[PDB]
Structures are given as structure tokens and as C-alpha cells.
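Student: Please read through the structure below; I'll follow up with questions.
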Number of protein chains: 2
Amino acid sequence: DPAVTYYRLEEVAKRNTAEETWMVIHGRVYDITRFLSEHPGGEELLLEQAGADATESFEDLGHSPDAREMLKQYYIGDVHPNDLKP
Amino acid sequence: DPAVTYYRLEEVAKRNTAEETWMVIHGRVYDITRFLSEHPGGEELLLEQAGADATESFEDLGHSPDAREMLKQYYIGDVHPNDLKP
Ligand code: HEM
Ligand code: HEM
């Protein structure tokens, strides 16, 4: 039994509202539903990319190592190997 | 949530010609009018489903992670909760 749960992007794409917000960052899936109201950068920016891969924006805006440590707590699984971009 | 724009499906259904083409995918509305001629799969498949929810078809062909990323530039709003089926 693998120690990691894998999610297809089709599944992630479904959680795209404030009720259940999932997001992909660097090949990993995060459930940031409860973090929406605590995000220093506001929640409109987040909701816009819910259900998607927001890796580019997360790096582009430059996030601190402190922000990256935070991420760890919303981690729920990895993107399925079939949906990774070689 | 805050700056979220909502549309009724009946509003979306009015945009079904090459003049102004909207399509629903996973509960979100996309204005793909300018993408019609860039679509690797052709413009016909897109116009055939213009103004409707094309989630099943999009997902059945198995679009790539790169195809999913492209969606972000056509996003214009969400489908009203009351129009979302069970
Ligand atoms: C992966 C989930 C995310 C977490 C845990 C997170 C966390 C944080 C934290 C802790 C800060 C405060 C400053 C810093 O440490 O850099 C911050 C700021 C910011 N974040 Fe995020 N963020 C996330 C996703 C995003 C996304 C997807 C966007 C773009 C839509 C974004 C845009 C911003 C912006 C613009 C600021 C700075 C706002 C200002 O200028 O004060 N963040 N984020
Ligand atoms: C408007 C949202 C859509 C976007 C952004 C999009 C994007 C793309 C992209 C980038 C490709 C090239 C290959 C890939 O990256 O997977 C592709 C191929 C294709 N698309 Fe779409 N597409 C959309 C909607 C649709 C719809 C509604 C249909 C009709 C079922 C469709 C049918 C196809 C087909 C048949 C291919 C060719 C696949 C192959 O070469 O085997 N697409 N699409």
C-alpha cells in the first residue's frame, strides 16, 4: 500500500470554489479552503486559480521560505504520474 | 467570494456563434472567441458545443496539463450555484 495518495487533475479541477478549494503547486495537491481568509495577498487571487496549477504565479510573485513552510500543512497528496509534465 | 462574477446558464447559451463564443467547463465560464482558430483540435468541435457545458468532452479526450493551463486566459466568471446540477 503506497504511502502517498495520488490525484488526477480532473479531480482537482472540481474543487474550484470557496466551499472546497484545491490547488496544485510543484506537482503536489493542497486543500487551501481554510487558508483563504488568512492569505496576506487576499483571496480573490487564490479563488481565481482554484482547481488549477498555480505554480507559475506562486513563484513569479516570489514567496518567502516562511510561506513555503506554511504550505506543508495544507498538503493532501501528489498529482497522478499520468498528469505530470515531463 | 469577493470579486467573483456570476452568469446564469441562460446567459451563456446566448453566446453560441463564432461572433462571441462562451463555453462552460467544470462550472466556470470561458470566452474562447479568440481561441477558435488556435485550437489544435479544430474550431468545429468547439462551435458544436458553444454556449453549453463541455466538461465531459474536454475531459474524455484527455486534455494535457498544458491544455488546462491555457484555460486560465479565457476565464470570465462562474456559473450561478442554482444552475449547477447535483
Ligand atoms: C500555495 C498557497 C499560498 C500560500 C501558503 C501563500 C502564502 C503567502 C504568504 C505567507 C504571504 C506573505 C508574504 C510572503 O511570505 O511572501 C503571501 C503573499 C502574497 N501572495 Fe501568497 N500564498 C499562496 C498562493 C498565492 C497565489 C496562488 C498567489 C497569486 C494569485 C499569491 C499571491 C500573493 C501576493 C501578491 C502576495 C503579496 C501581497 C502584498 O504585496 O502584500 N499567493 N502569500
Ligand atoms: C475551450 C477549452 C479547450 C482548450 C483550452 C483546448 C486545448 C487543446 C490543446 C492545447 C490541444 C492540443 C493537445 C493537448 O495539449 O492536449 C487540444 C487538442 C484537442 N482538443 Fe481541445 N481544447 C478545448 C476544448 C475542446 C473541446 C470542447 C473539444 C471537443 C471534444 C476538444 C477536442 C480536442 C481534440 C479532438 C484534440 C486533438 C487531440 C489529439 O491530438 O489526440 N477540445 N485541445
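In the C-alpha cells, each chain is lettered A, B, ... as it comes, each chain's residues begin at 1, and ligands are numbered from 1 in order of appearance.
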Using every Cα, in order, as the fitting set, what is the least-squares RMSD of chain A against chain B?
Tutor: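 It comes to 1.0 Å after superposition.
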Student: Determine, using only C-alpha atoms and all ligand atoms, which residues of chain A have any atom at most 10 Å from an atom of ligand 1, and tabulate each with its shortest atom pair and distance in Å to one decimal place, rows ordered by chain and then rising number, as a Markdown table.
Tutor:
| residue | atom | partner | partner_atom_place_in_ligand_line | distance |
| --- | --- | --- | --- | --- |
| A:22 | CA | ligand 1 | 2 (C) | 9.6 |
| A:23 | CA | ligand 1 | 1 (C) | 7.3 |
| A:24 | CA | ligand 1 | 1 (C) | 7.7 |
| A:25 | CA | ligand 1 | 1 (C) | 6.2 |
| A:26 | CA | ligand 1 | 1 (C) | 9.4 |
| A:28 | CA | ligand 1 | 1 (C) | 10.0 |
| A:29 | CA | ligand 1 | 1 (C) | 9.5 |
| A:30 | CA | ligand 1 | 1 (C) | 7.5 |
| A:31 | CA | ligand 1 | 2 (C) | 9.0 |
| A:32 | CA | ligand 1 | 2 (C) | 6.8 |
| A:35 | CA | ligand 1 | 5 (C) | 7.6 |
| A:36 | CA | ligand 1 | 3 (C) | 8.9 |
| A:38 | CA | ligand 1 | 10 (C) | 8.6 |
| A:39 | CA | ligand 1 | 8 (C) | 5.7 |
| A:40 | CA | ligand 1 | 17 (C) | 4.9 |
| A:41 | CA | ligand 1 | 38 (C) | 3.9 |
| A:42 | CA | ligand 1 | 38 (C) | 7.4 |
| A:43 | CA | ligand 1 | 30 (C) | 8.2 |
| A:44 | CA | ligand 1 | 30 (C) | 7.6 |
| A:45 | CA | ligand 1 | 30 (C) | 3.9 |
| A:46 | CA | ligand 1 | 30 (C) | 4.9 |
| A:47 | CA | ligand 1 | 30 (C) | 7.9 |
| A:48 | CA | ligand 1 | 30 (C) | 7.0 |
| A:49 | CA | ligand 1 | 27 (C) | 6.5 |
| A:50 | CA | ligand 1 | 27 (C) | 8.2 |
| A:52 | CA | ligand 1 | 27 (C) | 9.4 |
| A:53 | CA | ligand 1 | 27 (C) | 8.6 |
| A:54 | CA | ligand 1 | 27 (C) | 5.2 |
| A:55 | CA | ligand 1 | 27 (C) | 7.3 |
| A:56 | CA | ligand 1 | 27 (C) | 8.4 |
| A:57 | CA | ligand 1 | 29 (C) | 5.1 |
| A:58 | CA | ligand 1 | 26 (C) | 4.9 |
| A:59 | CA | ligand 1 | 26 (C) | 8.6 |
| A:60 | CA | ligand 1 | 29 (C) | 8.5 |
| A:61 | CA | ligand 1 | 35 (C) | 5.9 |
| A:62 | CA | ligand 1 | 16 (O) | 6.4 |
| A:63 | CA | ligand 1 | 16 (O) | 3.9 |
| A:64 | CA | ligand 1 | 15 (O) | 4.1 |
| A:65 | CA | ligand 1 | 15 (O) | 6.9 |
| A:66 | CA | ligand 1 | 15 (O) | 5.5 |
| A:67 | CA | ligand 1 | 10 (C) | 3.9 |
| A:68 | CA | ligand 1 | 5 (C) | 6.3 |
| A:69 | CA | ligand 1 | 5 (C) | 7.9 |
| A:70 | CA | ligand 1 | 5 (C) | 5.4 |
| A:71 | CA | ligand 1 | 5 (C) | 4.5 |
| A:72 | CA | ligand 1 | 5 (C) | 8.3 |
| A:73 | CA | ligand 1 | 5 (C) | 8.9 |
| A:74 | CA | ligand 1 | 5 (C) | 8.2 |
| A:75 | CA | ligand 1 | 1 (C) | 9.6 |
Student: In Å, with one decimal, what is the gap from CA of residue 77 in chain B to atom 3 (C, counted along the ligand's line) of ligand 2?
Tutor: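 So the answer is 15.9 Å.
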Student: Hey, list the chain A side of the contact with chain B: 7 Å cut-off, only C-alpha atoms, answer as a PyMOL selection string.
Tutor: chain A and resi 13-14+18+44+83+85
Student: Chain A: which residues are strand (DSSP E or B) by DSSP, as a list in words?
Tutor: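 Listing strand (DSSP E or B) positions across chain A yields residues 6, 7, 16, 17, 20, 21, 22, 23, 24, 25, 28, 29, 30, 31, 53, 75, 76, 77, 78 and 79 of chain A.
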Student: Write a file of the just-selected residues containing N, CA, C and O atoms, as a PDB file, in the first residue's frame.
Tutor:
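This went into part.pdb:
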ATOM      1  N   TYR A   6      -2.560   9.739  -4.701  1.00  0.00           N
ATOM      2  CA  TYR A   6      -2.405  10.471  -5.951  1.00  0.00           C
ATOM      3  C   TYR A   6      -3.748  10.976  -6.460  1.00  0.00           C
ATOM      4  O   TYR A   6      -4.764  10.290  -6.340  1.00  0.00           O
ATOM      5  N   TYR A   7      -3.753  12.182  -7.018  1.00  0.00           N
ATOM      6  CA  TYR A   7      -4.979  12.769  -7.555  1.00  0.00           C
ATOM      7  C   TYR A   7      -4.805  13.161  -9.018  1.00  0.00           C
ATOM      8  O   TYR A   7      -3.784  13.718  -9.394  1.00  0.00           O
ATOM      9  N   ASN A  16     -13.145  23.932  -7.152  1.00  0.00           N
ATOM     10  CA  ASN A  16     -12.807  25.296  -7.540  1.00  0.00           C
ATOM     11  C   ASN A  16     -13.666  26.413  -6.978  1.00  0.00           C
ATOM     12  O   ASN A  16     -13.864  27.427  -7.642  1.00  0.00           O
ATOM     13  N   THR A  17     -14.184  26.235  -5.769  1.00  0.00           N
ATOM     14  CA  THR A  17     -14.986  27.282  -5.141  1.00  0.00           C
ATOM     15  C   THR A  17     -14.577  27.404  -3.685  1.00  0.00           C
ATOM     16  O   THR A  17     -13.909  26.521  -3.143  1.00  0.00           O
ATOM     17  N   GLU A  20     -14.776  24.370  -1.221  1.00  0.00           N
ATOM     18  CA  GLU A  20     -13.705  23.373  -1.213  1.00  0.00           C
ATOM     19  C   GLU A  20     -12.697  23.774  -2.278  1.00  0.00           C
ATOM     20  O   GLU A  20     -12.894  23.521  -3.467  1.00  0.00           O
ATOM     21  N   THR A  21     -11.617  24.404  -1.829  1.00  0.00           N
ATOM     22  CA  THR A  21     -10.579  24.909  -2.710  1.00  0.00           C
ATOM     23  C   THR A  21      -9.300  24.089  -2.710  1.00  0.00           C
ATOM     24  O   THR A  21      -8.595  24.013  -1.703  1.00  0.00           O
ATOM     25  N   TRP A  22      -9.005  23.476  -3.850  1.00  0.00           N
ATOM     26  CA  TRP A  22      -7.787  22.698  -4.005  1.00  0.00           C
ATOM     27  C   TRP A  22      -6.915  23.469  -4.981  1.00  0.00           C
ATOM     28  O   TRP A  22      -7.416  24.245  -5.798  1.00  0.00           O
ATOM     29  N   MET A  23      -5.610  23.247  -4.914  1.00  0.00           N
ATOM     30  CA  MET A  23      -4.689  23.944  -5.793  1.00  0.00           C
ATOM     31  C   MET A  23      -3.455  23.074  -5.939  1.00  0.00           C
ATOM     32  O   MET A  23      -3.095  22.347  -5.014  1.00  0.00           O
ATOM     33  N   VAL A  24      -2.813  23.138  -7.097  1.00  0.00           N
ATOM     34  CA  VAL A  24      -1.608  22.355  -7.329  1.00  0.00           C
ATOM     35  C   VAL A  24      -0.410  23.307  -7.352  1.00  0.00           C
ATOM     36  O   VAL A  24      -0.469  24.373  -7.971  1.00  0.00           O
ATOM     37  N   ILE A  25       0.656  22.934  -6.646  1.00  0.00           N
ATOM     38  CA  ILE A  25       1.891  23.725  -6.605  1.00  0.00           C
ATOM     39  C   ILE A  25       3.064  22.747  -6.712  1.00  0.00           C
ATOM     40  O   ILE A  25       3.228  21.871  -5.872  1.00  0.00           O
ATOM     41  N   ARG A  28       2.184  18.935  -6.415  1.00  0.00           N
ATOM     42  CA  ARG A  28       1.544  18.461  -5.194  1.00  0.00           C
ATOM     43  C   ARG A  28       0.199  19.139  -5.027  1.00  0.00           C
ATOM     44  O   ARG A  28       0.019  20.291  -5.437  1.00  0.00           O
ATOM     45  N   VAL A  29      -0.739  18.425  -4.416  1.00  0.00           N
ATOM     46  CA  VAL A  29      -2.079  18.948  -4.207  1.00  0.00           C
ATOM     47  C   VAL A  29      -2.306  19.499  -2.798  1.00  0.00           C
ATOM     48  O   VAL A  29      -1.987  18.851  -1.801  1.00  0.00           O
ATOM     49  N   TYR A  30      -2.861  20.706  -2.732  1.00  0.00           N
ATOM     50  CA  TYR A  30      -3.149  21.356  -1.461  1.00  0.00           C
ATOM     51  C   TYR A  30      -4.613  21.779  -1.338  1.00  0.00           C
ATOM     52  O   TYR A  30      -5.219  22.279  -2.294  1.00  0.00           O
ATOM     53  N   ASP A  31      -5.175  21.551  -0.153  1.00  0.00           N
ATOM     54  CA  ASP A  31      -6.542  21.945   0.156  1.00  0.00           C
ATOM     55  C   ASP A  31      -6.395  23.221   0.991  1.00  0.00           C
ATOM     56  O   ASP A  31      -6.189  23.168   2.205  1.00  0.00           O
ATOM     57  N   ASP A  53      -3.258  24.578 -11.499  1.00  0.00           N
ATOM     58  CA  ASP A  53      -1.837  24.575 -11.178  1.00  0.00           C
ATOM     59  C   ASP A  53      -1.432  26.040 -11.077  1.00  0.00           C
ATOM     60  O   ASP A  53      -1.342  26.731 -12.087  1.00  0.00           O
ATOM     61  N   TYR A  75      -1.151  20.296   2.550  1.00  0.00           N
ATOM     62  CA  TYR A  75      -0.844  19.198   1.641  1.00  0.00           C
ATOM     63  C   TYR A  75      -1.768  17.997   1.852  1.00  0.00           C
ATOM     64  O   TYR A  75      -1.910  17.507   2.968  1.00  0.00           O
ATOM     65  N   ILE A  76      -2.384  17.521   0.775  1.00  0.00           N
ATOM     66  CA  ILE A  76      -3.264  16.362   0.858  1.00  0.00           C
ATOM     67  C   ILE A  76      -2.844  15.209  -0.071  1.00  0.00           C
ATOM     68  O   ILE A  76      -3.353  14.094   0.054  1.00  0.00           O
ATOM     69  N   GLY A  77      -1.919  15.467  -0.993  1.00  0.00           N
ATOM     70  CA  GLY A  77      -1.477  14.424  -1.907  1.00  0.00           C
ATOM     71  C   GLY A  77      -0.632  14.910  -3.080  1.00  0.00           C
ATOM     72  O   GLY A  77      -0.318  16.099  -3.183  1.00  0.00           O
ATOM     73  N   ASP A  78      -0.268  13.982  -3.969  1.00  0.00           N
ATOM     74  CA  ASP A  78       0.549  14.293  -5.150  1.00  0.00           C
ATOM     75  C   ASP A  78      -0.259  14.160  -6.435  1.00  0.00           C
ATOM     76  O   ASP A  78      -1.245  13.419  -6.487  1.00  0.00           O
ATOM     77  N   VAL A  79       0.165  14.869  -7.475  1.00  0.00           N
ATOM     78  CA  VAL A  79      -0.514  14.780  -8.764  1.00  0.00           C
ATOM     79  C   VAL A  79      -0.225  13.393  -9.342  1.00  0.00           C
ATOM     80  O   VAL A  79       0.896  12.890  -9.236  1.00  0.00           O
TER      81      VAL A  79
END
Student: Hey, what does DSSP flag as helix (DSSP H, G or I) within chain A? Can you give it to me as a ChimeraX atom specification?
Tutor: /A:9-14,33-38,44-48,55-60,65-74,81-83
Student: Between CA of residue 12 in chain B and CA of residue 86 in chain B, measure the distance and give it in Å to one decimal.
Tutor: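 If I compute the distance from CA of residue 12 in chain B to CA of residue 86 in chain B, I get 19.2 Å.
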